[PDB]
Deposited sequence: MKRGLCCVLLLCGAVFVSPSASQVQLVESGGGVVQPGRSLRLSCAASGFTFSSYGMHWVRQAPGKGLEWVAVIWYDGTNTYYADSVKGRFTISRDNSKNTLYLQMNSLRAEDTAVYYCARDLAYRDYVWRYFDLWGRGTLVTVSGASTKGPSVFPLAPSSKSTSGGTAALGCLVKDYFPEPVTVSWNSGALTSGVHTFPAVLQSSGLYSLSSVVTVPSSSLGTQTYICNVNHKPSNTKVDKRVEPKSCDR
């Protein structure tokens, strides 16, 4: 099966380095030009670098020139991105992508993409959230998932038994360098006395699992 799978993402302090890998399967890797493309959270796509099929030339976006190096090992079907002197503005999902052209140095389009891997550059350290209730013919209630790093968190209600009327918002990045998000649910006002509401928060980077009962 034709695919690209990135690895090596994570958190990094400003000025430090990280090396991403991308394992290619299902096609003659040594016959294609390869790229890295990134997407900062909530922003558009930005091309990062390209390497010719035989590795004999490379080009970079001015934003990463001198700090990043794209390379490949055709014997292992693997593409790399060495990222040095990282800055907060390099925080993004990084995708490896195949160039459409076959054995052609002219690079133009991305015909196959990986799944992406998140790289977060910040002075903050990995930390699980604190979960606070948002206490309540429609009533609204929720949970405030505050002060975690890095993204993402997942939230469910009543262990997945409550899905209708749930809204889990995108997180915001606070001036402290930690994220905060809310998750809410609207229910009939009469259900406040008959049904129990618990928010279930997971933050995989810190192995945090929280169950918070939200009472009127």
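Counting from residue 1 of the deposited sequence, the stretches lacking C-alpha coordinates in this chain are 1-22, 159-165, 246-250.
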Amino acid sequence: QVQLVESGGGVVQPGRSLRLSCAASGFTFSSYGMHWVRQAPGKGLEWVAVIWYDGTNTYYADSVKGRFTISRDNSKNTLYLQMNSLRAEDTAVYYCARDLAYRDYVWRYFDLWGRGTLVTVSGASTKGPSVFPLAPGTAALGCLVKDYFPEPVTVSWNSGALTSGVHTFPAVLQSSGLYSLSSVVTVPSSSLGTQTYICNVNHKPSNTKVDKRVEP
From here on, numbers count along this sequence of modelled residues.
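Averaged over CA atoms, B-factors in the entry run higher in 165-173 than in the other of 45-53 and 165-173.
According to the PDB record, 152-160 carries the higher mean C-alpha B-factor of the two stretches 152-160 and 29-37. Of the candidates 121, 93, 135, 79, the one whose C-alpha carries the top B factor in the deposited record is 135. Residue 71 sits in the lowest third of its chain by CA B factor, as recorded in the PDB entry.
Sort the chain's modelled residues by C-alpha temperature factor and residue 198 lands in the highest third, per the entry.
In this PDB entry, the Cα temperature factor of residue 108 sits in the bottom third of its chain's modelled residues, the lowest group.
Annotation for residue 143: CA B-factor lies in the middle third of the chain's modelled residues. Ranked by C-alpha B-factor against the other modelled residues of its chain, residue 127 falls in the highest third.
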